[PDB]
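Encoded as structure tokens, the structure appears first; notes follow it.
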Amino acid sequence: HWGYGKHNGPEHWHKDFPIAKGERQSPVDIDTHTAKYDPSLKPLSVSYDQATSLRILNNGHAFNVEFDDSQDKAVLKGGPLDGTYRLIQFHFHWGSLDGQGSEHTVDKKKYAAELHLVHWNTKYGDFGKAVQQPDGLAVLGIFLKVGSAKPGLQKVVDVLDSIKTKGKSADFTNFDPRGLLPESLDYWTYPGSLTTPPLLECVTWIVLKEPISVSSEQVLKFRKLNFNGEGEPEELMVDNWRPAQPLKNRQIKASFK
Ligand SMILES: NC(=O)[C@@H](CCC(=O)O)NC(=O)c1cccc(NCCOCCNC(=O)c2ccc(S(N)(=O)=O)cc2)c1C(=O)O
Ligand SMILES: [Zn+2]
């Protein structure tokens, strides 16, 4: 099945998911000079005060922290969004080295990792129906650079040795995703897709300009995870990022002058 290796990685995905060559694929390079400030964007609102994490899971491609999305608790609204989008999970993409790992790039610059907070449009009732819609999802993307430690990440790092291999999951309650956000909510936005199969074109991307800093030790712990399941040959979970895809007929808007 699909992955990030030579024989099943991004260059192969189109054979099983032809939308991989579609008109609104993600990620993209964000050319900051060609992005245009949009005064029509409303203030972005990230309201995570009532967020309720449930579990953390190694799915063979990344690890997901999943949330209870059965009520309006952790919502994203404003900015480019119409209505309310509810947080369902977050995960990261990262590299084998600090010089790569992000999916989006900024003037071709790659960050060491990228955090994706995944939300679904509440007008569609749940995530499964939302992924049948062109405005079903909103993903808030946050770049990670290696520097000072991010205290709010440490609870995630500390649990990773319990989910080393594909299929392992662990209870993960009371995690506050607000500890993963940078100071500024300045962002770029554009219409795109999931960055992993099935690559569905449902996403309003909101990519924050300001990276968060994590320590080398924190990202090294991400790199100890495994793509493989228990009892299979060990393949370190690294470089689980899709490269930038063609912008085609899209414009990137900036929330800031
Ligand atoms: N062999 C099959 O059956 C194919 C046929 C080919 C096709 O027609 O597609 N069909 C699917 O595979 C499929 C089709 C439609 C819906 C599906 N399930 C729900 C959508 O997938 C949810 C899992 N992913 C995420 O939630 C996610 C991914 C990336 C990001 S990110 N990095 O962008 O933030 C954020 C969230 C699936 C599926 O079973 O997967
Ligand atoms: Zn992602």
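Residues in the structure tokens are numbered from 1 in each chain, the chains being A, B, ... in the order shown, and ligands are numbered from 1 in the order shown.
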
Mind running chain A against ligand 2 at 7 Å and telling me each contacting residue's nearest atom pair with the distance in Å (one decimal), counting only C-alpha atoms and all ligand atoms, chain and number ascending, as a tab-separated table?
```
residue	atom	partner	partner_atom_place_in_ligand_line	distance
A:91	CA	ligand 2	1 (Zn)	6.2
A:92	CA	ligand 2	1 (Zn)	6.0
A:93	CA	ligand 2	1 (Zn)	6.2
A:115	CA	ligand 2	1 (Zn)	7.0
A:116	CA	ligand 2	1 (Zn)	5.0
A:195	CA	ligand 2	1 (Zn)	6.0
```

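Near ligand 1, at a distance of at most 7 Å and with only C-alpha atoms and all ligand atoms counted, sit the residues residues 16, 17, 116, 117, 118, 128, 131, 139, 193, 194, 195, 196, 197 and 198 of chain A.
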
Write down as a compact mmCIF listing (two decimals) with N, CA and C atoms, in the first residue's frame the residues of segment 142-208 of chain A whose backbone DSSP state falls under strand (DSSP E or B).
```txt
# COMPACT_ATOMS: atom_id res chain seq x y z
N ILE A 142 1.33 24.55 10.86
CA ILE A 142 2.28 25.31 11.66
C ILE A 142 3.65 24.70 11.43
N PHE A 143 4.61 25.52 11.05
CA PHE A 143 5.96 25.04 10.84
C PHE A 143 6.70 24.89 12.15
N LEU A 144 7.60 23.90 12.19
CA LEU A 144 8.49 23.66 13.32
C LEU A 144 9.92 23.86 12.82
N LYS A 145 10.68 24.69 13.55
CA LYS A 145 12.11 24.81 13.40
C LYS A 145 12.79 24.30 14.66
N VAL A 146 14.03 23.88 14.52
CA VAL A 146 14.79 23.33 15.64
C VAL A 146 15.51 24.47 16.35
N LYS A 166 3.45 0.70 13.99
CA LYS A 166 2.16 0.85 13.33
C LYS A 166 1.10 0.04 14.06
N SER A 169 -1.74 2.26 19.88
CA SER A 169 -2.41 3.46 20.35
C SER A 169 -2.35 3.50 21.87
N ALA A 170 -2.57 4.68 22.42
CA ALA A 170 -2.53 4.90 23.86
C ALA A 170 -3.54 5.98 24.23
N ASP A 171 -4.14 5.81 25.41
CA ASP A 171 -4.89 6.89 26.03
C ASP A 171 -4.08 8.17 26.03
N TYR A 187 -1.24 34.51 8.67
CA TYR A 187 -1.29 33.27 7.91
C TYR A 187 -1.42 33.53 6.41
N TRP A 188 -1.17 32.47 5.66
CA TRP A 188 -1.49 32.40 4.24
C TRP A 188 -2.59 31.36 4.08
N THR A 189 -3.43 31.53 3.07
CA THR A 189 -4.51 30.58 2.86
C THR A 189 -4.72 30.31 1.38
N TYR A 190 -5.08 29.08 1.06
CA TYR A 190 -5.37 28.71 -0.32
C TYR A 190 -6.18 27.43 -0.29
N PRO A 191 -6.93 27.13 -1.36
CA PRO A 191 -7.69 25.88 -1.44
C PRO A 191 -6.80 24.73 -1.92
N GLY A 192 -6.85 23.61 -1.22
CA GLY A 192 -6.05 22.46 -1.60
C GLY A 192 -6.68 21.15 -1.17
N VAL A 203 -9.87 20.78 1.23
CA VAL A 203 -9.23 21.49 2.33
C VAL A 203 -9.11 22.97 2.03
N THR A 204 -9.52 23.83 2.97
CA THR A 204 -9.02 25.20 3.04
C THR A 204 -7.78 25.18 3.93
N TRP A 205 -6.62 25.47 3.35
CA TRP A 205 -5.37 25.47 4.08
C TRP A 205 -5.17 26.83 4.70
N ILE A 206 -4.75 26.84 5.96
CA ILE A 206 -4.42 28.06 6.67
C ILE A 206 -3.06 27.78 7.26
N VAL A 207 -2.01 28.38 6.71
CA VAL A 207 -0.63 28.09 7.09
C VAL A 207 -0.08 29.30 7.82
N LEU A 208 0.30 29.12 9.08
CA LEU A 208 0.77 30.25 9.88
C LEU A 208 2.18 30.66 9.44
```

Once DSSP has gone over the backbone, tell me which residues of segment 72-152 of chain A are in alpha helix (DSSP H), as number ranges by chain. A: 127-130

- Item | Near-segment 223-237 of chain A list (10 Å; only C-alpha atoms; drop same-chain fewer than 3 positions) as a PyMOL selection string | chain A and resi 3-5+58-63+93-97+160-168+217-220+240

File of the preceding selection, C-alpha atoms, as a PDB file, in the first residue's frame:
```pdb
ATOM      1  CA  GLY A   3       3.918   5.109   1.890  1.00  0.00           C
ATOM      2  CA  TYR A   4       7.026   7.261   1.615  1.00  0.00           C
ATOM      3  CA  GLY A   5       9.579   4.803   0.230  1.00  0.00           C
ATOM      4  CA  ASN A  58       0.633   5.355  15.212  1.00  0.00           C
ATOM      5  CA  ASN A  59      -1.100   4.742  11.876  1.00  0.00           C
ATOM      6  CA  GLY A  60       1.984   3.670   9.926  1.00  0.00           C
ATOM      7  CA  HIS A  61       2.398   7.080   8.299  1.00  0.00           C
ATOM      8  CA  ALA A  62       2.393   9.507  11.233  1.00  0.00           C
ATOM      9  CA  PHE A  63       0.926   9.643  14.722  1.00  0.00           C
ATOM     10  CA  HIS A  93       5.243  15.497   9.153  1.00  0.00           C
ATOM     11  CA  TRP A  94       8.992  15.558   9.719  1.00  0.00           C
ATOM     12  CA  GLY A  95      12.347  14.777   8.190  1.00  0.00           C
ATOM     13  CA  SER A  96      15.323  12.528   8.665  1.00  0.00           C
ATOM     14  CA  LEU A  97      17.391  15.690   9.230  1.00  0.00           C
ATOM     15  CA  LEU A 160       5.831   8.201  21.688  1.00  0.00           C
ATOM     16  CA  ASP A 161       7.793   5.245  23.012  1.00  0.00           C
ATOM     17  CA  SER A 162       4.439   3.644  23.879  1.00  0.00           C
ATOM     18  CA  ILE A 163       3.273   3.851  20.248  1.00  0.00           C
ATOM     19  CA  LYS A 164       6.534   2.999  18.496  1.00  0.00           C
ATOM     20  CA  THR A 165       5.040   0.799  15.791  1.00  0.00           C
ATOM     21  CA  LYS A 166       2.160   0.848  13.334  1.00  0.00           C
ATOM     22  CA  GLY A 167      -1.168   0.041  14.947  1.00  0.00           C
ATOM     23  CA  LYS A 168      -0.226   0.956  18.517  1.00  0.00           C
ATOM     24  CA  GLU A 217      15.820  16.269  21.394  1.00  0.00           C
ATOM     25  CA  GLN A 218      12.069  16.569  20.728  1.00  0.00           C
ATOM     26  CA  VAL A 219      12.336  15.975  16.996  1.00  0.00           C
ATOM     27  CA  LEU A 220      14.823  13.157  17.502  1.00  0.00           C
ATOM     28  CA  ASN A 240       6.836  11.357   5.887  1.00  0.00           C
TER      29      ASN A 240
END
```

Need the shell around residue 79 of chain A: protein/DNA/RNA residues with any atom at most 9 Å away, counting only C-alpha atoms. Skip same-chain ones fewer than 2 positions apart. Format as a PyMOL selection string?
chain A and resi 40-45+77+81-82+189+206+255

Go ahead and dump the residues you just picked, N, CA, C and O atoms, as a PDB file, in the first residue's frame.
```
ATOM      1  N   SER A  40     -10.485  41.281   2.725  1.00  0.00           N
ATOM      2  CA  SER A  40     -11.764  40.603   2.892  1.00  0.00           C
ATOM      3  C   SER A  40     -11.714  39.456   3.895  1.00  0.00           C
ATOM      4  O   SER A  40     -12.765  38.898   4.231  1.00  0.00           O
ATOM      5  N   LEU A  41     -10.533  39.076   4.366  1.00  0.00           N
ATOM      6  CA  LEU A  41     -10.433  38.019   5.362  1.00  0.00           C
ATOM      7  C   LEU A  41     -10.876  38.558   6.713  1.00  0.00           C
ATOM      8  O   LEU A  41     -10.445  39.632   7.138  1.00  0.00           O
ATOM      9  N   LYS A  42     -11.735  37.807   7.389  1.00  0.00           N
ATOM     10  CA  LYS A  42     -12.141  38.174   8.733  1.00  0.00           C
ATOM     11  C   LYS A  42     -11.098  37.693   9.734  1.00  0.00           C
ATOM     12  O   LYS A  42     -10.297  36.817   9.436  1.00  0.00           O
ATOM     13  N   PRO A  43     -11.074  38.253  10.935  1.00  0.00           N
ATOM     14  CA  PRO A  43     -10.104  37.778  11.926  1.00  0.00           C
ATOM     15  C   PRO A  43     -10.235  36.270  12.129  1.00  0.00           C
ATOM     16  O   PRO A  43     -11.337  35.723  12.167  1.00  0.00           O
ATOM     17  N   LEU A  44      -9.100  35.595  12.228  1.00  0.00           N
ATOM     18  CA  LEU A  44      -9.106  34.160  12.485  1.00  0.00           C
ATOM     19  C   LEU A  44      -9.282  33.903  13.969  1.00  0.00           C
ATOM     20  O   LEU A  44      -8.673  34.578  14.805  1.00  0.00           O
ATOM     21  N   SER A  45     -10.114  32.915  14.295  1.00  0.00           N
ATOM     22  CA  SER A  45     -10.455  32.565  15.665  1.00  0.00           C
ATOM     23  C   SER A  45     -10.137  31.092  15.875  1.00  0.00           C
ATOM     24  O   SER A  45     -10.747  30.221  15.245  1.00  0.00           O
ATOM     25  N   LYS A  77     -12.761  29.269  13.296  1.00  0.00           N
ATOM     26  CA  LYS A  77     -13.681  30.026  12.454  1.00  0.00           C
ATOM     27  C   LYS A  77     -13.013  31.332  12.041  1.00  0.00           C
ATOM     28  O   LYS A  77     -11.884  31.625  12.436  1.00  0.00           O
ATOM     29  N   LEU A  81     -12.814  31.263   6.405  1.00  0.00           N
ATOM     30  CA  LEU A  81     -13.801  30.219   6.606  1.00  0.00           C
ATOM     31  C   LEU A  81     -15.202  30.783   6.756  1.00  0.00           C
ATOM     32  O   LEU A  81     -15.412  31.817   7.399  1.00  0.00           O
ATOM     33  N   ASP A  82     -16.162  30.086   6.169  1.00  0.00           N
ATOM     34  CA  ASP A  82     -17.568  30.340   6.426  1.00  0.00           C
ATOM     35  C   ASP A  82     -18.041  29.329   7.459  1.00  0.00           C
ATOM     36  O   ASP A  82     -17.872  28.120   7.274  1.00  0.00           O
ATOM     37  N   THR A 189      -3.434  31.534   3.073  1.00  0.00           N
ATOM     38  CA  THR A 189      -4.507  30.579   2.864  1.00  0.00           C
ATOM     39  C   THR A 189      -4.716  30.314   1.382  1.00  0.00           C
ATOM     40  O   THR A 189      -4.526  31.200   0.540  1.00  0.00           O
ATOM     41  N   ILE A 206      -4.750  26.840   5.963  1.00  0.00           N
ATOM     42  CA  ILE A 206      -4.423  28.064   6.669  1.00  0.00           C
ATOM     43  C   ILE A 206      -3.059  27.780   7.263  1.00  0.00           C
ATOM     44  O   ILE A 206      -2.955  26.981   8.197  1.00  0.00           O
ATOM     45  N   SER A 255      -3.098  37.097   5.248  1.00  0.00           N
ATOM     46  CA  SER A 255      -3.930  37.785   6.223  1.00  0.00           C
ATOM     47  C   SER A 255      -3.297  39.068   6.728  1.00  0.00           C
ATOM     48  O   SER A 255      -3.923  39.782   7.517  1.00  0.00           O
TER      49      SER A 255
END
```

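We find atom CA of residue 124 of chain A and atom CA of residue 18 of chain A to be spaced 25.0 Å apart.
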
Per residue of segment 136-245 of chain A within 7 Å of segment 100-107 of chain A, which atom pair is closest and at what distance in Å (one decimal), using only C-alpha atoms, listed by chain and increasing number, as JSON lines?
```
{"residue": "A:143", "atom": "CA", "partner": "A:102", "partner_atom": "CA", "distance": 6.9}
{"residue": "A:239", "atom": "CA", "partner": "A:101", "partner_atom": "CA", "distance": 5.8}
{"residue": "A:241", "atom": "CA", "partner": "A:103", "partner_atom": "CA", "distance": 5.4}
{"residue": "A:242", "atom": "CA", "partner": "A:103", "partner_atom": "CA", "distance": 5.7}
{"residue": "A:243", "atom": "CA", "partner": "A:103", "partner_atom": "CA", "distance": 5.9}
{"residue": "A:244", "atom": "CA", "partner": "A:104", "partner_atom": "CA", "distance": 6.4}
```

Please produce a file of the residues just selected, as a PDB file, in the first residue's frame, where the atoms kept are N, CA and C atoms.
```
ATOM      1  N   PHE A 143       4.610  25.523  11.054  1.00  0.00           N
ATOM      2  CA  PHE A 143       5.965  25.045  10.837  1.00  0.00           C
ATOM      3  C   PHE A 143       6.700  24.889  12.151  1.00  0.00           C
ATOM      4  N   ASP A 239      10.864  11.443   7.138  1.00  0.00           N
ATOM      5  CA  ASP A 239      10.592  11.919   5.787  1.00  0.00           C
ATOM      6  C   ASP A 239       9.195  11.518   5.326  1.00  0.00           C
ATOM      7  N   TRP A 241       6.750  13.292   4.449  1.00  0.00           N
ATOM      8  CA  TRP A 241       6.222  14.513   3.852  1.00  0.00           C
ATOM      9  C   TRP A 241       6.086  14.340   2.349  1.00  0.00           C
ATOM     10  N   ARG A 242       5.017  14.903   1.800  1.00  0.00           N
ATOM     11  CA  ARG A 242       4.821  15.010   0.356  1.00  0.00           C
ATOM     12  C   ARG A 242       5.471  16.296  -0.141  1.00  0.00           C
ATOM     13  N   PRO A 243       6.214  16.277  -1.234  1.00  0.00           N
ATOM     14  CA  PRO A 243       6.791  17.523  -1.748  1.00  0.00           C
ATOM     15  C   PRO A 243       5.725  18.455  -2.307  1.00  0.00           C
ATOM     16  N   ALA A 244       6.149  19.690  -2.511  1.00  0.00           N
ATOM     17  CA  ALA A 244       5.263  20.706  -3.060  1.00  0.00           C
ATOM     18  C   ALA A 244       4.760  20.296  -4.440  1.00  0.00           C
TER      19      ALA A 244
END
```

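Nearest residue to residue 121 of chain A among A:48, A:2, A:85, A:37 is A:85, counting only C-alpha atoms.
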